[PDB]
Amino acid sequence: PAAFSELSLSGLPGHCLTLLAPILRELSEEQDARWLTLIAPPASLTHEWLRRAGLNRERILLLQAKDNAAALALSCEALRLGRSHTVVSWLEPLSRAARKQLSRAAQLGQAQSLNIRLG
């Protein structure tokens, strides 16, 4: 769909995080004045991992969710209110429906939905 894209990373759990950093970093220190919010990221993304990764720290919000369903909910709110240029999800599985939901929320907020499937 529109305003939606999915990034899949397979290989050593560690090397996957490595491959991810540059992307997260590129988005955060981006030209936009809005935020890059991460939603329900996996345990791996430690408070330390982020700064070691070189987080734009001041411009990277990290919300927590309990349900792989609550996450799809937050992700949509985040996008919709559009105070984030990018909202990163770590949702799996992800129905063709769920996607359309993110897609619409993304377009309303004039934002981008990026879903990351680690492992």
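Sequential numbering from 1, following the sequence displayed.
Mean C-alpha B factor from the entry: is it higher for 14-22 or for 91-99? Looking at the recorded C-alpha B-factors, 91-99 comes out higher on average.
Check the entry's C-alpha temperature factors for 71-79 and 53-61, then say which stretch has the higher mean. Looking at the record's C-alpha B-factors, the answer is 53-61.
Please rank the C-alpha B-factors of the chain's modelled residues and tell me whether residue 84 sits in the lowest, middle or highest third. Within its chain, residue 84 is a lowest-third residue by C-alpha B-factor, going by the deposited values.
Chain thirds of CA B-factor: placement of residue 118: Top third by C-alpha B-factor.
Of the three thirds of its chain by CA temperature factor, lowest, middle or highest, which one includes residue 46? Ranked within chain, residue 46 CA B lands in the highest tercile.
Ranking the modelled residues of this chain by C-alpha B-factor as given in the entry, is residue 37 in the lowest, middle or highest third? CA B-factor rank for residue 37: lowest third.
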